[PDB]
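As structure tokens, one chain now follows by itself in the form deposited in one PDB entry.
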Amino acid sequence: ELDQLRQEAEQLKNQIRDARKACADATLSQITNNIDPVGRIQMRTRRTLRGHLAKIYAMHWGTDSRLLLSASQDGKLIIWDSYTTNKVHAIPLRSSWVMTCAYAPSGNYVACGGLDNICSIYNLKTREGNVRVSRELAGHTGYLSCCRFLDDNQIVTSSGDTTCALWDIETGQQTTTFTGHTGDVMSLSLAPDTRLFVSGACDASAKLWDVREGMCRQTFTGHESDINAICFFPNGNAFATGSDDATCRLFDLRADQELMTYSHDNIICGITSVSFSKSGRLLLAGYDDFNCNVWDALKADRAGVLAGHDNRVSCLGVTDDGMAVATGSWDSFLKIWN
């Protein structure tokens, strides 16, 4: 009976809402009223990584905070040495319809994929000098939106088929499938300790998943449009979202709700990317309007801007040592700022 179920779901939604409402005893702006604003944050362009020939769609820092890689519709997957600007590798892709990439913690692999619906793993230090695809991860029935390695043998993926998945790279098999999202999954982020991860989707919701158990613990609502980007807060008890509704939000896991919204009423274009600074004081967000905004994560004000791309900022990334923010753009350059 479709009636008795929608009627139950409705009542359970109201009951989740009232339980959440009776917990929201205070706002973050009250809690941080003693705290002073950060300075004007005025980061400078330290590097312009030149080489890609068309729109960059993604990028990811290596854990050493020096090597990064970037994926463009030009057909290339470039691993850069950000200190020098020298290209360490320029891997030609089989499918140029690329949408994500990932640098494995170990530095030994990168991953990449897009409208091919496949997450390709590339071996970086081989016997003899070549860089070759060591594994294709097929199974999704829609586009690969994001991917993140846990280690050399495990990678989590998100897709436009409405699911995420954990993969064993040796076997090429989906160990676990994460279902629940009712729209395309556009982004994901691993918790620091990699036992949980969060996903964001076109259903306007974010979900927290237990990797080992294979199930959704928590669904977070409030966004009015697609969640294009998502990032864990470094203590693991919170994350931030970027959406087409022009807002970033900060969600706390233990509260099971939104703590804060970051938006100006005169910014109405979509967010592409979000990243916390090392301490979490700053939330960086890229926009369709060509700029990054630097937000004070505590005070909800804009502290500064990274302005230096001639088309949209599509992706960004802060280093593990906190020394730098990388931007990637549709104008075909990446920039390193601090």
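If you superpose the two forms and keep the largest set of C-alpha atoms that fall within 1.5 Å, you have the rigid core. Position 1 is the first residue in the sequence shown; the rest follow in order.
Out of 120-128 and 195-203, which stretch has the higher average CA B-factor listed in the record?
It is 120-128.
Please work out which of 209-217 and 74-82 has the higher mean CA B-factor as recorded in the PDB entry.
In the deposited entry, the stretch with the higher C-alpha B-factor mean is 209-217.
Based on the PDB record, which member of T272, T63, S279, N311 exhibits the highest Cα temperature factor?
By C-alpha B-factor in the record, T63 ranks first.
Between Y143, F239, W97, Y109, which one tops the list for C-alpha B-factor in the PDB entry?
Top of the list by C-alpha B-factor: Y109.
Going by the CA temperature factor in the PDB record, which third of the chain does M59 belong to: lowest, middle or highest?
Its C-alpha B-factor belongs to the lowest third of this chain's values.
Third of the chain, ranked by Cα B-factor, where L253 sits:
Answer is highest: the recorded C-alpha B-factor places it there.
Looking at the entry's B-factor column for C-alpha atoms only, identify whether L28 ranks in the lowest, middle or highest third of its chain.
Within its chain, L28 is a highest-third residue by C-alpha B-factor, going by the deposited values.
Which third, lowest, middle or highest, does the CA B-factor of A19 fall in along this chain?
Its C-alpha B-factor, which the entry lists for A19, ranks in the highest third among residues of this chain.
Lowest, middle or highest third - CA B-factor, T162:
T162: CA B-factor falls in the middle third of its chain.
Keep in mind that the form deposited in another entry is not shown, yet the notes after this line are about it.
Once the rigid core is lined up, just say which one of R212, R217, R254, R132 has a C-alpha that travels 2 Å or more between the shown form and the other one.
The listed residue whose C-alpha shifts by at least 2 Å is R132.
Displaced residue check between the shown form and the other one: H60, CA, 2 Å or over, core reference:
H60 C-alpha, core-superposed: shift of less than 2 Å.
Could you tell me whether the Cα atom of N311 shifts by at least 2 Å between the shown form and the other one after core superposition?
Superposed on the core, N311 moves its C-alpha 2 Å or more between the shown form and the other one.
In that other deposited form, whether the C-alpha atoms of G129 and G114 sit closer or farther than here (change of 3 Å or more):
Closer, not farther.
A 3 angstroms or greater change in CA distance between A102 and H309 is reported in that other deposited form. Closer or farther than in this form?
Here the pair is closer than in that other deposited form; there, farther apart.
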